[PDB]
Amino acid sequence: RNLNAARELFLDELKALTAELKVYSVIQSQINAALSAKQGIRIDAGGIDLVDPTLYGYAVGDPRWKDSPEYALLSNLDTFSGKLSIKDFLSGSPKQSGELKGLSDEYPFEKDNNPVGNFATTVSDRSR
């Protein structure tokens, strides 16, 4: 009952967080690259697909991918469509970091008040 239910709850809860963190880790990579190159970033369907098993150490076709915490988290977002863009993920529910709305498909690099920079900050705040 109570101790063991709690134990299972926490184990599951931890897997969820670990998955989400791993996703935000991939998203933070993309951003950091754009910042390093002084370039813009595309977070729409022209950016990377986050429902790629290879992003999480699984080969394509591996049947266990479908049973992964990553797939569990990603496929249950209201934005999931088989694919899932950065924007889809960030604006998708339910996840432990909530939702970002008013997201644009593209953030251009600009010398002053860098859009990509402002994107980086808000994602950074969510991935913490």
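When you see a residue number, it is the position in the sequence shown, counting from 1.
- Comparing 57-65 with 83-91, the stretch with the higher mean C-alpha B-factor in the PDB entry is 57-65.
- Annotation for residue 127: C-alpha temperature factor in the middle third relative to the rest of the modelled chain, per the entry.
- When the CA B factors of the chain's modelled residues are split into thirds, the value for residue 13 lands in the highest one.
- For residue 37, the recorded CA B-factor ranks within the highest third of the chain. Only modelled residues enter the ranking.
- When the modelled residues of the chain are ordered by their C-alpha B factor, residue 105 lands in the middle third.
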